[PDB]
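Where a number appears in this text, it was derived from the coordinates with a stated rule and is not lab data. Positions of Cβ are backbone-derived with ideal geometry, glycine not excepted, and every protein chain shown enters the neighbour counts.
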Amino acid sequence: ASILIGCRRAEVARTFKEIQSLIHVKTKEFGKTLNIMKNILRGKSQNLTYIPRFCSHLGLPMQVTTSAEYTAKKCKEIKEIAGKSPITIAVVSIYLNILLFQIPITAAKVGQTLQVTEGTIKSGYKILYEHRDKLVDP
DNA sequence: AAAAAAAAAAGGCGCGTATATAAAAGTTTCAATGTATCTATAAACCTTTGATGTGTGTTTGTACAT
């Protein structure tokens, strides 16, 4: 966690699974340890980071990533709490925007590359195949 | 061409993700303690090898038949 602290506190945010890949922490000993730790400094006293690191993991040009910052922020800004650990609803912006482009990143390839449920995608994409109205920049 | 068995396939059961509440029982993990088991190691013997007083040995002088 002090890494996840040290990471996020250094303005680089990584998912719990990502560190879990580095160290298997039973995903639970992580959580309780984090809460105290954060409050350790508070007494001693940001999911945006995920959009680009994902695009590169798929090897995409900047525009597809460029757009998602607008889309995810705009999808976040109005409504759609949408997600229970917004890690997922980040990726759907790529999926939203990758389909706005025509580049083969077929859902199955997305999943294992980013180790995400496929179900959260399409249902997450439900709120997108309907919200396709206001993301028109050009 | 027809009969029988397993898979293709999904949605949901039902509690892992938190999650704090508290008691109730028990486990495992950690560390001090105890012990036979490696090892060197210097202190045991045995043998070796260089230095060593000296038993035997070359000159002096001898009672002693010859």
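Over chain A, the fraction of Cα-Cα pairs per 10 Å bin, rounded to whole percents and listed from the shortest bin up, is 10, 39, 32, 15, 3, 0. Charge dipole of chain A (Cα centre as origin; +1 on each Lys and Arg Cβ, -1 on each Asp and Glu Cβ, all else neutral): 600 debye, rounded to the nearest 20.
How do the peptides A:102-108, A:11-17, A:57-63 rank, highest first, by the average count of neighbouring beta carbon atoms within 10 Å per residue? Mind dumping the intermediate values first?
Values: A:102-108: 10.3, A:11-17: 14.3, A:57-63: 12.7.
By packing density, highest mean first, the sequence is A:11-17, A:57-63, A:102-108.
With helices as the sole contributors, chain A gives -20000 deg cm²/dmol at 222 nm; each DSSP H run of n ≥ 4 counts as -39500 (n - 2.57), and the sum is divided by every residue. Rounded to the nearest angstrom and listed largest first, the equivalent-ellipsoid semi-axes of segment A:59-106 from its Cα gyration tensor are 20, 12, 8.
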